[PDB]
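Shown next, in structure tokens, is the structure this report addresses.
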Amino acid sequence: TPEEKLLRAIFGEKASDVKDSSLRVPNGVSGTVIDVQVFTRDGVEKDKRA
Amino acid sequence: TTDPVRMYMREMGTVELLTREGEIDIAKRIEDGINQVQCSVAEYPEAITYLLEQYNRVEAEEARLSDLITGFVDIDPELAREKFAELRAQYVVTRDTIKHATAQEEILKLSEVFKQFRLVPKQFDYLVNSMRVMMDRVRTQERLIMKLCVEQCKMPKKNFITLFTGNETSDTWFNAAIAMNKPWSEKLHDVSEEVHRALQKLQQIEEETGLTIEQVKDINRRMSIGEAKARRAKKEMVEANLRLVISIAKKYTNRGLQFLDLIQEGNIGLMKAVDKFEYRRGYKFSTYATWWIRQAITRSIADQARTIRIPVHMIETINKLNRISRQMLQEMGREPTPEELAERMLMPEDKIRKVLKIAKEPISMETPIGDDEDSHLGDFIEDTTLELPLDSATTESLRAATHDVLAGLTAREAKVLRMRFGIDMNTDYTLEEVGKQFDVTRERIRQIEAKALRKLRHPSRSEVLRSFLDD
DNA sequence: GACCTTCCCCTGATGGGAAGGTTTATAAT
DNA sequence: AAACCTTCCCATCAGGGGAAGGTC
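Read top to bottom, the protein sequences are chains C and F. Numbering of the first sequence is given in the entry's author numbering, commencing with residue 896 and proceeding in unit increments. For the second sequence, the positions run 94 to 167, 212 to 236, 242 to 613 when the entry's author numbering is used.
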């Protein structure tokens with residue numbers, strides 16, 4: 896909306912073209928990570944942690 | 094029973110089958126009817142004038158040679218040059234000799255060379271429609287000239303047919319009924335303009351179709367009989383071999399398509415295979431009809447199966463990929479590798495993954511979710527369109543914050559900001575757009591904007607707005 | 001200073017390609 | 001399912017022109 900465009904012009908805060916997915920812990924329970932697995936599709940090169 | 098599949102499954106047990114006799118017996122009837130309708134065109138000068146225009150344009154790069162003729166009853214490209222001047226042996230012997243006594247027994251030999259050129263059905267149907275339009279044109283004038291005298295002047299129909307039957311060309315019949323002194327005679331001078339000029343579109347046809355108004359009726363009079371014969375034969379043909387369509391259609395059970403849909407889409411191909419079949423070749427009809435039936439079922443499936451329609455080609459390719467993966471289960475032991483079918487197929491490698499990625503089917507929203515409860519898939523479906531109210535409140539708050547802040551600046555900067563941005567206004571404006579009605583243009587506004595955005599960049603006047611940014 | 005060679009933007013061509021359409025002949029109920 | 005073929009829509013390539021740059 897134009898009101899937001901005025902903000903983007905005032906404080907120079909450009910908007911990202913990306914949304915957010917972010918697997919975040921379910922609210923109500925708090926624990927410790929004990930296992931992390933990574934399954935990458937064939938072909939697509941693996942990342943660092945992979 | 095009730096189901097409408099029973100009405101059909103026992104609607105074919107009436108017309109007995111036809112083998113070895115039926116086929117060749119009624120195919121001759123089909124051809125004997127089309128022969129009656131074919132010679133109806135043999136005497137139609139408009140057909141000659143229309144054939145010349147579409148003939149000379151073939152040598153001028155518009156229409157293909159094999160696109161206007163299926164052959165001659167008389212694949213040889215040399216059989217053409219020998220039948221384009223030998224048929225004119227009667228062309229100019231009856232046309233310019235009307236100057242019409244001996245031009246009555248020399249019309250058959252001119253039309254005989256017109257039944258040795260099999261035209262493609264595409265133009266043949268245009269010819270049939272040409273005779274139909276000519277009949278309707280001629281007839282419009284009769285249904286005009288009739289109701290202008292009977293329904294208006296109150297004359298007996300018989301006194302109309304008696305004076306009209308035989309002439310149908312000139313006005314020698316109309317102006318002759320004026321001396322009858324009958325009660326309708328005194329009412330013939332008023333309609334002397336809707337009947338006299340009516341022949342301008344009727345009599346003129348004679349000089350176009352080179353034939354009397356009455357002969358134009360004779361031709362179609364017999365042509366209708368011929369086409370009726372053809373219809374009455376082909377319906378019986380398809381009724382007889384109907385069971386074959388079901389025999390073929392029962393090979394597609396779970397094809398995303400009901401049974402009757404398949405048998406019907408196959409009956410369509412049955413009709414198509416009938417219309418383009420010649421009993422002369424000897425080859426039985428069961429061999430030929432099967433091709434069109436089975437194809438009109440397969441392609442139909444490819445068109446009505448998926449809720450998301452897919453071009454035919456893709457269906458073929460996907461089914462081939464499935465086949466290769468099938469015939470290799472026993473080879474690899476379990477199943478082939480992803481990049482294996484890339485070589486076994488003619489297509490390249492990377493297209494496999496996309497072709498398989500789009501091959502998904504939609505799941506009915508009514509598919510019961512786990513726990514087997516009445517809960518369905520359509521109950522867990524969210525709505526990611528409506529923005530949550532927690533943001534709508536922020537919008538209604540920023541509106542007021544920006545309003546107060548902008549009302550804190552100068553008047554010029556205020557309107558300039560509400561202009562360059564679509565603030566409380568329909569459709570923001572560009573640079574010279576603002577300068578158009580602000581009396582100084584092209585850089586005035588470029589300075590005003592920066593000055594105002596800087597007077598707001600400064601704190602003590604941005605805290606309110608600055609809080610709205612959180613990153 | 002012209003003359004020749006050079007550097008960029010519209011017309012319209014026209015190569016490539018996805019999407020469709022028409023036939024297919026042993027018989028086949 | 002394969003085989004040959006027409007229409008349309010693509011996102012791109014020789015070719016033209018309006019000037020443009022640089023020198024015997």
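C-beta atoms are modelled at their ideal positions from N, C-alpha and C, and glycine is treated no differently.
Assignment of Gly164 (chain F) by DSSP, reduced to helix, strand and coil, places it in the strand class.
Beyond the five residues adjoining it in sequence on each side, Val262 (chain F) comes within less than 8 Å, by CB distance, of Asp160, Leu161, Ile162 and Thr163 in the same chain, given in chain order. Pairing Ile460 (chain F) with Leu404 (chain F) gives a Cβ-Cβ distance that is not under 7 Å.
Contact check for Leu598 (chain F) and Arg588 (chain F): beta-carbon distance about 17 Å, past the 8 Å limit, so the pair fails to qualify. The beta-bridge partner set that DSSP reports for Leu559 (chain F) is empty. For a Cβ distance threshold of 8 Å, nothing in chain F lies close to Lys914 (chain C): the least Cβ distance comes to about 10 Å. Between the segment 125 to 141 of chain F and the segment 351 to 363 of chain F there are three or more inter-stretch CB-CB distances shorter than 8 Å, so the stretches are counted as touching. For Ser327 (chain F), there is no enclosing alpha helix (DSSP H), since its DSSP letter is neither H nor E.
A distance below 7 Å between beta-carbons, with the five flanking residues on each side excluded, links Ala447 (chain F) to the following residues of its chain, in chain order: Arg397, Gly398 and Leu399.
In terms of Cα proximity to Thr526 (chain F), the closest of C:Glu899, C:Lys914, C:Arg903 and C:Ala904 is C:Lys914. DSSP, read as helix, strand or coil, puts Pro510 (chain F) in strand. The residue from C:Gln932, C:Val928 and C:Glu898 with its alpha-carbon nearest to that of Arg944 (chain C) is C:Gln932. Interface annotation for the segment 928 to 939 of chain C against chain F: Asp937, criterion Cβ-Cβ distance under 7 Å.
Counting the other Cβ atoms within 10 Å of the Cβ of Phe563 (chain F) gives 16 or more, which makes it buried. For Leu261 (chain F), the beta-bridge partners assigned by DSSP are F:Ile162.
Look at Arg422 (chain F): its C-beta is not under 7 Å from any C-beta on chain C. According to DSSP, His518 (chain F) shares a beta bridge with F:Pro510.
By the Cβ test, the segment 377 to 387 of chain F is in contact with the segment 414 to 429 of chain F, since at least three Cβ pairs between them sit closer than 8 Å. A Cβ-Cβ separation of about 6 Å places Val151 (chain F) in contact with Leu158 (chain F) under the 8 Å criterion. By the neighbour-count definition (other C-beta atoms within 10 Å, threshold 16), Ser442 (chain F) is a buried residue. Assignment of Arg468 (chain F) by DSSP, reduced to helix, strand and coil, places it in the helix class. In the DSSP assignment, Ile405 (chain F) falls within the unbroken alpha helix (DSSP H) covering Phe401 to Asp417. By the Cβ rule, the segment 283 to 293 of chain F counts as touching the segment 340 to 353 of chain F, because three or more pairs are nearer than 8 Å. Boundaries of the alpha helix (DSSP H) harbouring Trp433 (chain F): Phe427 to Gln446, taken from the DSSP string.
At a cut-off of 7 Å between beta-carbon atoms, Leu918 (chain C) makes no contact with chain F. CA-to-CA, the gap between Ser272 (chain F) and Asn464 (chain F) works out to about 51 Å. Under the Cβ distance rule, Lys909 (chain C) does not count among the residues neighbouring chain F, no pair being separated by less than 7 Å.
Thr544 (chain F) reaches chain C at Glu898 and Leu901, counting residues in chain order whose Cβ is nearer than 7 Å. Residue-level contact by beta carbon holds for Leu598 (chain F) and chain C, with a gap shorter than 7 Å. Excluding five sequence positions before and after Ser467 (chain F), the CB atoms of its chain that fall closer than 7 Å to its own CB belong to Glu477, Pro478 and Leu483, given in chain order.
The beta carbon of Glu356 (chain F) lies closer than 6 Å to those of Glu310 in the same chain, with the five residues before and after it left out. Shown here, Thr107 (chain F) sits in coil according to DSSP, grouped into three states, outside any helix or strand. CA-to-CA, the gap between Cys295 (chain F) and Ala319 (chain F) works out to about 12 Å. The continuous stretches of alpha helix (DSSP H) do not include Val920 (chain C), and DSSP gives it neither H nor E.
Residue environment analysis places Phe419 (chain F) among the buried positions, since at least 16 neighbouring C-beta atoms fall within 10 angstroms of its C-beta. The three-state secondary structure of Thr459 (chain F), taken from DSSP, is helix.
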